[PDB]
2 protein chains.
Amino acid sequence: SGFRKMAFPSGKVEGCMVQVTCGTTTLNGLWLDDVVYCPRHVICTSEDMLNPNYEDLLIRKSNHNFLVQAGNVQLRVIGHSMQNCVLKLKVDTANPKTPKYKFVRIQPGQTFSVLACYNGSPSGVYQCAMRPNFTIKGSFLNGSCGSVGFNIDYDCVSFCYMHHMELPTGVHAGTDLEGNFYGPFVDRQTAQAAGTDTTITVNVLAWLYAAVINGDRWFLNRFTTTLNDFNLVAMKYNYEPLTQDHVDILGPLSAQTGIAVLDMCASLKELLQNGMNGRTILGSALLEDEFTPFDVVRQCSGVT
Amino acid sequence: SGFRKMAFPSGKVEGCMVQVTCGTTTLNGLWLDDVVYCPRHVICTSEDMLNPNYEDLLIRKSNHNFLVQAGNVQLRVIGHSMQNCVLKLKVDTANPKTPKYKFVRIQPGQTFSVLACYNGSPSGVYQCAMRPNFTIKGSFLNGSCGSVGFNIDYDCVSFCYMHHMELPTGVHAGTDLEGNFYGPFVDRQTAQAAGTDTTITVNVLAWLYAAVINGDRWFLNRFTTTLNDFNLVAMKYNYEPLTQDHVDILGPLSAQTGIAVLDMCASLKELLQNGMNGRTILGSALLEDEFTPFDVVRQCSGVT
Ligand SMILES: Cc1ccncc1NC(=O)[C@@H](c1cccc(Cl)c1)C(C)C
Ligand SMILES: Cc1ccncc1NC(=O)[C@@H](c1cccc(Cl)c1)C(C)C
C-alpha cells in the first residue's frame, strides 16, 4: 500500500565518497578501486571558469596538488589523467568499501538516485530523472559537484551521473562517469539555456498504473485511443511521443491491472484535456513523470 | 538551487537491518549492539492476528524459535523479552556496524526517513512525516514490518519509527523503538480508522520559504494577517492551528528571506482561498507539508 518517490539505499555509494581539493577549490570525488573520479573543474579558480583551457590549466598541476581525503585520512595520489570532463586520480590504496559497480550512460526519461554530498560527506538522497532536454531537476548547492547519480541491481551499483553545474535557470547539468556531458552542456561559466522540458509520457502511464494498483482509479474512463491519436494530444501538451517500444515496456503493468495500454493512454488524454478538476492521484495534483515502468514494478513488488 | 524531498543517507541504518523468522512469519529486525528489535506480531500466524494475546503466544516461544539472520549468517539468540509492541532479542554478538544512536518518540508534524526492507534487505529510502492523526503515508508491502524511520544529526542516528501495519485505507501505523504505537492503533487485524488528516501548517510555511529562496515567488502578496485571523482560515481548510511556537521556529527562514512570518501566513491564506490557478510551487501543484522548518534550513544550507 502507498506509493512514494523512493531512492535506492545509499550505503554502497556513501562508502565511495571522498573530498578532493586542488588549490583553493574543494568538491567531491567517487573512489572506486584505486581511482578517484571527480569533475575536472576542481583545477579551476572562479576566474578560470569564465573561459577555461583545461589542458593548459592541468599542466601546472602535479599529483601532490590533488588532496584526496576519505573521512579524516589522506590518500596518496600516484597518477592523474583527464578523461573528457572528469579527472581520474590514481591513488595507492584500493577503496576497501568498493561495491560491485558499472559505469552506464543513461537515456533521457530514465531515473536514478542522487547522493548529494559536500566536502566528501553525504547530506541526503533523492530520486531524479534525466529530463528529455538532458538536464536534471536536483537539489544542489556550491560544493555539491562530484556528487553522483546511480541505480542498484541486487549488489551492483550502476553509476550514471556526476554533478558538474547549475544553469542560470536553477536546473542541473552533468556527465556520465566517463566525463561526457548529458546534452550539449560544457563545463564553462557561460550562459547555457536548456531546451523544452517535455514530459516523459511512458513514465506518466507507469505512474497511472501504480495509482490503479494502489486504489486511485477515478481517472479510469470508458475510452480508448490509438498511438497516432494519442500522440497528436501528446504533441499539443509537450509530452514525448509514445512508441510501440514504450507500449511493450508497459506490458507487465498492463497485464497485472488488466487495463490495456491504449485504454490507459485514453485516460491520460482526458487528463491532459480536462485537467484534474481539483483532484489528486497518489497524493499529487499534477501528472508525475519521474517513475519509470521498472520503478513501478520494483516498488509494487518489493525488490530488494 | 532546487528543492527535493530528500531522505537522510541510509548506510548507517542498512548495517542494522536483519531478518527475523518465528515459525512461519518473516519480518525485519533492527540490530543495535547485542539486541535485535522487531514487531511482536512476528510470533503470530495469520489466524492469530484477528485477536492475539501476545503474552500467551509468547509462552510457547523459546530463544531458539527466533531465527535472526544478518546477511547470510545466523545470530545466536540468548534472551528475549517483550517491551510494549516490540520484541527485544538479545543475541551473543554486538553488531559491529552499530552507529551512534538514540531512540526518540517524535511529535506529529515531524519528518523522518524510512528504509523500507523485506527479508532483512533494503529496498529503498524515502521521506515521511508523522501525520497529525498519527499515521504515516508510506510505501509498504507484506514483509516490510520491522522497517524503521529515523533522523541523523552529524554521526548519531535517532530511530523514531518501526513499521507494524497498514490500515484498510492504505495508510500506515507503527511504534517508536520502545514499542509504543503512535496514535491509538493496536497490533491487531481489526478495523481501525484514522482521524482527520489535517495539514501541517508550519511545514507548509517552511516550504513556502524554501520556494522563495529558490525563486518561486509568484504567491507573495501585498497582505499581512494575524495569528487569530490566519487560524480562522486554517480551521476552515483543516490546517493545524499556528502557534507562537511555530512562528518562533520559522524565525531563521523569516530572517534569511526578509519576509515576516505573518506576511507569509497571508500569502498562504490567499493560496487556500484562491487555489494555485493552474500554477506550481517547487514543481508541486499542491501545498507540500512534509518539510519541517529544520529540513528547509538543512537542505538550503548543505548540512552533512
Ligand atoms: C553553485 C552551484 C550550485 C549547484 N550546482 C553546481 C554549482 N556550481 C556551479 O554552477 C559552478 C559551475 C558553473 C558553470 C560550469 C561549471 Cl562546470 C561549474 C560554479 C559557477 C560555482
Ligand atoms: C500487508 C501489509 C502492508 C503494509 N504494511 C504492513 C502490512 N501488514 C499488515 O497489515 C499485517 C498487520 C495487520 C494488522 C495489525 C498488524 Cl500489527 C499487522 C497483516 C494483516 C499482514
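Residues numbered from 1 in each chain as written, not as in the entry; some residues may be left out. Chains lettered and ligands numbered in written order. Heavy atoms only, no water.

This entry, as listed in the PDB, derives from X-ray crystallography and reports a resolution of 1.769 Å.

1. Remarks on the sheet that holds strand β6 (residues 77-83) of chain B
The pairing of strands in a sheet happens through backbone hydrogen bonds and is either parallel or antiparallel. All names here are of chain B. Rules: Only strands joined by at least two bridges in the DSSP assignment are considered to pair. Elements are defined by DSSP. Helices are runs of H or I of four residues or more, strands are runs of E of two residues or more, and each kind is numbered from the N terminus. As a rule, the C-alpha atoms of each element are fitted with a line to give its axis, helices using only the stretch in contact, and angles between N-to-C directions run from 0 to 180 degrees.
Pairing is antiparallel in the open sheet, where seven strands are placed in the order β5-β4-β1-β2-β3-β7-β6. The strands lining the two open edges of the sheet, one partner per strand, are β5 (73-75) and β6. For this sheet, the mean angle separating the axes of adjacent strands, direction not counted, is 30°. Where strand β4 (residues 66-70) lies against β5, three bridges are found, and the strand directions are antiparallel.

2. Focus on the site of ligand 2
All names here are of chain B. Stated formally: When at least one non-hydrogen atom of a residue lies within 4 Å of a molecule or strand, that residue is treated as near it. By the criterion applied in these results, polar contacts are pairs of N or O atoms within 3.5 Å in which, for protein atoms, one can donate a hydrogen and the other can accept it, and in which residues neighboring in sequence qualify only through two side-chain atoms. The Shrake-Rupley method, run with a 1.4 Å probe, gives the accessible areas here. Residue values count only the displayed protein chains as cover. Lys, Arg, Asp and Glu make up the charged group, whereas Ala, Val, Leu, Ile, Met, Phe, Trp, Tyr, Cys and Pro make up the nonpolar group; the residues left over, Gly among them, are polar.
In the vicinity of ligand 2, 14 residues are found, and the nearest of them are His41, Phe140, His163, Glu166 and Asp187. Within the side chain of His163, an N or O atom sits 2.8 Å from a nitrogen atom of ligand 2. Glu166 is positioned such that a nitrogen or oxygen atom in its backbone is 3.3 Å from an oxygen atom of ligand 2. A total of 490 Å² of accessible area belongs to ligand 2 in isolation, and the protein chains cover 84% of it. Considering only residue class, the shell around ligand 2 consists of five nonpolar, six polar and three charged.

3. Remarks on the relation of the copies chain B and chain A
Put simply, the rule is: A least-squares superposition on the C-alpha atoms brings the copies onto one another. Any two residues having at least one pair of non-hydrogen atoms within 4.5 Å are treated as being in contact.
Least-squares fitting of chain B to chain A yields an RMSD of 0.0 Å, with the superposition described by an axial translation of 0.0 Å and a rotation of 180°. The transformation just described matches what one would write down for a two-fold rotation axis. Across chain B, the smallest distance between a C-alpha and the rotation axis is recorded for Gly11 of chain B, namely 1.8 Å. When you check the interface residues of chain B against chain A, 100% turn up at the interface there too, and the contact is symmetric in its surfaces.

4. Overview of the domain arrangement of chain A
Residues and elements named next belong to chain A. As a reminder, the rule being used: Where each domain starts and ends follows an automatic or database-derived domain assignment. Throughout, the accessible surface (probe 1.4 Å) given up by two parts as they are put together, summed over both, is called the buried area. One side-chain nitrogen of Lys or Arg within 4 Å of one carboxyl oxygen of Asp or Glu is enough to make a salt bridge.
Along its sequence, chain A is carved into domain 1 (1-14 + 100-197), domain 2 (15-99) and domain 3 (198-301). Once you take the C-alpha centre of each, domain 1 and domain 3 turn out to be 25 Å apart. At the interface, 18 residues of domain 1 touch 19 residues of domain 3. Its largest share of buried area at the contact with domain 3, domain 1 owes to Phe3, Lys5 and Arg131, together 41% of the area lost on that side. Applying the counting criterion to the domain 1 and domain 3 interface returns two salt bridges. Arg131 is the partner of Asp289 in a salt bridge, and the nearest nitrogen-oxygen pair spans 2.8 Å. Taken together, the links from domain 1 to domain 3 amount to nine residue pairs in polar contact. Of the residues forming the side of domain 1 that touches domain 3, the biggest block, three residues, is contributed by strand β10 (residues 121-129).

5. Observations regarding the nonpolar core
Quick reminder of the rule: Residues belong to a common nonpolar core when they are buried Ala, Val, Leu, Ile, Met, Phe, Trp, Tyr or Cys residues joined through side-chain atoms within 4.5 Å. Accessible area is worked out with a 1.4 Å probe on protein chains only. A residue is then buried under 20% of its type maximum, exposed over 50%, and partly exposed in between.
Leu30 and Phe159 of chain A together with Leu30 and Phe159 of chain B are the most contacted members of the largest nonpolar core, which totals 40 residues. When neighbours within four sequence positions are excluded, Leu30 of chain B is seen to be in contact with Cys16, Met17, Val18, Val35, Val36, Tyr37, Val148, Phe159, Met162 and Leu177 of chain B. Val247, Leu253, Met264 and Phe291 of chain A belong to the second largest nonpolar core, which has 36 residues in total.

6. Some points on the pairing of strand β1 (residues 17-22) of chain A
Looking along a regular strand, one sees the side chains alternate between the two faces of the sheet. Residue and element names in this part refer to chain A. Of all six residues in β1, six are buried; the element is thus mostly enclosed. The alternating pattern of β1 places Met17, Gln19 and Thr21 and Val18, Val20 and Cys22 on opposite faces, both of which are buried. Direction of pairing for β1 relative to strand β2 (residues 25-32): antiparallel, over a ladder of six bridges. Paired with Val18 across the strands is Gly29, a residue of β2. Hairpin remark: β1 followed by β2, antiparallel, with two residues in the connecting loop; positive phi at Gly23, about 70°.

7. Some details on the packing of aromatic side chains
Stated formally: Centres within 6.5 Å are what make two rings of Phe, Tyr or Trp a pair, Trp counting through its six-membered ring; a difference in plane orientation under 30 degrees is then read as stacked, over 60 as edge-to-face, and the rest as tilted. In this scheme, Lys NZ or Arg CZ marks a charge over a ring once it lies within 6 Å of the ring centre and within 35 degrees of the ring normal.
One pass over the structure, following the stated rule, counts 20 aromatic pairs over all chains. With centroids separated by 6.5 Å and ring planes inclined at 55°, the aromatic side chains of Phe150 of chain B and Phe159 of chain B adopt a geometry described as tilted. Of the two residues examined, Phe150 of chain B and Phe159 of chain B, each falls in the buried class. Between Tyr161 of chain B and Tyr182 of chain B, the aromatic rings sit 6.5 Å apart at their centres with planes inclined by 25°, giving stacked as the arrangement. A residue pair is termed long-range when its members are at least 10 positions apart, and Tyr161 of chain B in strand β12 (residues 156-166) and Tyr182 of chain B in the loop between β13 (172-175) and α3 (201-213) qualify at 21 residues. Per residue, the accessibility class of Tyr161 of chain B equals that of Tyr182 of chain B, and both read buried. Clustering of aromatic rings is evident, with ring pairs tying together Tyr37, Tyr101, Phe103, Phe150 and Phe159 of chain A. Directly above the ring of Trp218 of chain A sits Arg279 of chain A, whose terminal nitrogen or CZ lies 4.4 Å from the centroid.

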